[PDB]
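Next come the chains, spelled out residue by residue.
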Amino acid sequence: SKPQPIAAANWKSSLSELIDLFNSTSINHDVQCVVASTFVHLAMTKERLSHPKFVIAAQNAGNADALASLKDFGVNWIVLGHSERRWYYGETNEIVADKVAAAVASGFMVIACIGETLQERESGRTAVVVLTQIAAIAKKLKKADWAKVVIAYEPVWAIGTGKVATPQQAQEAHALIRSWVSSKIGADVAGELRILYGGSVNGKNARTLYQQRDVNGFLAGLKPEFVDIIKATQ
Ligand SMILES: *CC(=O)COP(=O)(O)O
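Residues numbered from 1 in each chain as written, not as in the entry; some residues may be left out. Heavy atoms only, no water.

J.: Hey, could you go over the UniProt feature "binding site: substrate" in the protein for me, with residue numbers and the actual values?
T.: As recorded in UniProt, the feature "binding site: substrate" lies at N10 and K12. For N10, the location among the structural elements is in strand 1 (residues 6-10). Of the residues examined, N10 reaches a relative accessible area of 6% and is grouped as buried. Non-local contacts of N10, meaning those with residues more than four positions away in its chain, are made with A36, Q59, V79, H82, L219, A220, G221 and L222. Looking at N10, its side chain comes within polar contact range of the side chain of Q59, at 2.6 Å. Note that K12 resides in the loop between strand 1 and helix 1 (15-24). Look at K12 and you get partly exposed, because its relative accessible area is 44%. Leave out the neighbours within four places in its chain, and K12 touches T38, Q59, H82, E84 and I159. (UniProt positions renumbered as here; feature names shortened; annotations may be inferred. Helix = DSSP H or I, 4+ residues; strand = E, 2+ residues; numbered from the N terminus. Buried < 20%, exposed > 50% of the residue type's maximum accessible area, 1.4 Å probe, protein only. Contact = heavy atoms within 4.5 Å. Polar contact = N/O pair within 3.5 Å; in protein donor to acceptor, adjacent residues only side chain to side chain.)

Right, dumping it as structure tokens:
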């Protein structure tokens, strides 16, 4: 029916108490948990986090030598293209696609973030924006590569604003992405593809979002209610 869910916590900016919480939590269904951290916080997360359903992810690396060290250190997941990378730091669609392609070639699982802004949403350009972001990514990848790729739909207006996509809006967005992948890459690939929702997810609303046809999990904050979001992936 649905492929294995993912629950990914993005530590963008009390960690030890929190890791204690994750290590002690029984997770009684099949789900890949991910804790993405910054360089400086990577070795600590890697030393303290021992729950076998969890993996550590790096963020935003773009240098092959830097990819090589991360692998060497036992980091096999990476989060790329998250909003601030695009709207503050100036990562273009192509820059993000080169980073995704590089990370796949270096042997990483990639969570690639895409999503439109407030303006784009209101002017009816969600579809063209979101499908252009991801067509940039698919231009640098082969069919086989998609087994290492995870898509996070993250509406910029829903990131940290307190505004969550309704289940309807998240579903429409995910359906549009998957229907593009089924068309352009293959129906086999689309069926296996994890599309995660990101933006204002909490214990409350996660379960309801996860009931939607095309939602395969979540990208959220590194906070204690992450446990609830993990629990929601059924
Ligand atoms: C993808 C993500 O980290 C969103 O953050 P939030 O504050 O909206 O949960």
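J.: Please give an account of the environment of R194 that cites residues and values.
T.: Positionally, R194 belongs in the loop between helix 9 (187-192) and strand 7 (195-198). Each C-alpha atom of the pair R194 and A152 lies 8.2 Å from the other, and the pair is 42 residues apart in sequence. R194 has contacts with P3, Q4, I6, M109, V150, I151 and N216, leaving out every residue within four places of it along the chain.

J.: I'd like to hear about empty space enclosed by the protein, residue by residue, with values.
T.: Quantified by volume, the largest cavity comes out at close to 40 Å³. If you trace the largest cavity, you find it lined by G81, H82, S83, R86, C113, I114, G115, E154 and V156. When residues of the lining of the largest cavity are traced back to their parent elements, those giving at least two are helix 4 (83-87) and strand 5 (109-114). Here the residues of the lining of the largest cavity are counted per class, giving three nonpolar, four polar and two charged. (1 Å grid on protein atoms, 1.4 Å probe; cavity = no way out; pocket = protein on both sides within 12 Å on 5 of 7 lines; lining within 4 Å. Points joined across faces, edges and corners; volume = space filled by probe spheres on them. Nonpolar A, V, L, I, M, F, W, Y, C, P; charged D, E, K, R; others polar.)

J.: Can you lay out helix 5 (residues 93-105) for me, pointing to particular residues and giving the numbers?
T.: An α-helical turn contains 3.6 residues, so a residue and the one three or four places further along point in the same direction. The end-to-end C-alpha distance of helix 5 is 18 Å, a good match for the 18 Å that 13 residues give at a rise of 1.5 Å each. Of the residues making up helix 5, those classed as buried are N93, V96, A97, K99, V100, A101, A103 and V104. Those residues of helix 5 hidden inside the fold are in contact with helix 3 (64-72), strand 4 (77-80), helix 4, strand 5, helix 7 (126-138) and strand 6 (149-153). Count one or two residues on from helix 5 and you reach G107, which has phi positive near 100°. (Expected span 1.5 Å × (residues − 1).)

J.: Can you break down the nonpolar core residue by residue, with the values?
T.: Within the largest apolar cluster, 70 residues are counted, with the highest numbers of intra-cluster contacts made by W146, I151 and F218. Aside from chain neighbours lying at most four places away, what touches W146 is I134, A138, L141, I151, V181, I185, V189 and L193. Among the nonpolar cores identified, the runner-up in size contains 14 residues, and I6, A8, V79 and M109 belong to it. (Core = buried A, V, L, I, M, F, W, Y, C linked by side-chain atoms within 4.5 Å.)

J.: Describe the site of the ligand, with residues and values.
T.: Close to the ligand lie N10, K12, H82, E154, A158, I159, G160, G199, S200, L219 and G221, which account for all nearby residues. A158 is positioned with one of its backbone polar atoms (N or O) 3.4 Å from an oxygen atom of the ligand. Contact between the ligand and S200: an oxygen atom at 3.0 Å from a main-chain N or O atom of the residue. Out of a free accessible area of 300 Å², the ligand has 88% covered by protein chains. Each residue belonging to the shell around the ligand can be placed in one class, and the counts come to three nonpolar, six polar and two charged. (Near = heavy atom within 4 Å. Areas by Shrake-Rupley, 256 points an atom, 1.4 Å probe, with all protein chains shown as cover.)

J.: Tell me what's going on with the packing of helix 1 against helix 2 (residues 39-48), and back it up with residues and numbers.
T.: Between helix 1 and helix 2, whose axes approach to 10 Å, the crossing angle comes to 35°. Regarding helix 1 and helix 2, the two cross each other, and that crossing is right-handed. Residue-level contacts link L15, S16, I19, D20 and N23 of helix 1 to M44, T45 and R48 of helix 2. Taken together, the residues of the contact of helix 1 with helix 2 sort by class into three nonpolar, three polar and two charged. (Axes fitted to C-alpha atoms, helices over the stretch in contact; angles between N-to-C directions. Left-handed = near helix turned anticlockwise from the far one by under 90°.)

J.: I'd like to hear about the pattern of salt bridges, residue by residue, with values.
T.: On inspection of all chains with the given rule, the structure shows eight salt bridges. The residue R48 makes a salt bridge to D20 at a minimum N-O spacing of 2.7 Å. One end of the pair, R48, is in helix 2; the other, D20, is in helix 1, with 28 residues separating them in the sequence. A relative accessible area of 42% places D20 in the partly exposed class. Between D214 and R213 there is a salt bridge whose closest N-O contact spans 2.9 Å. Residue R213 is classed as exposed on the basis of its relative accessible area, which comes to 61%. (Salt bridge = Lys/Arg side-chain N within 4 Å of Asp/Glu carboxyl O.)

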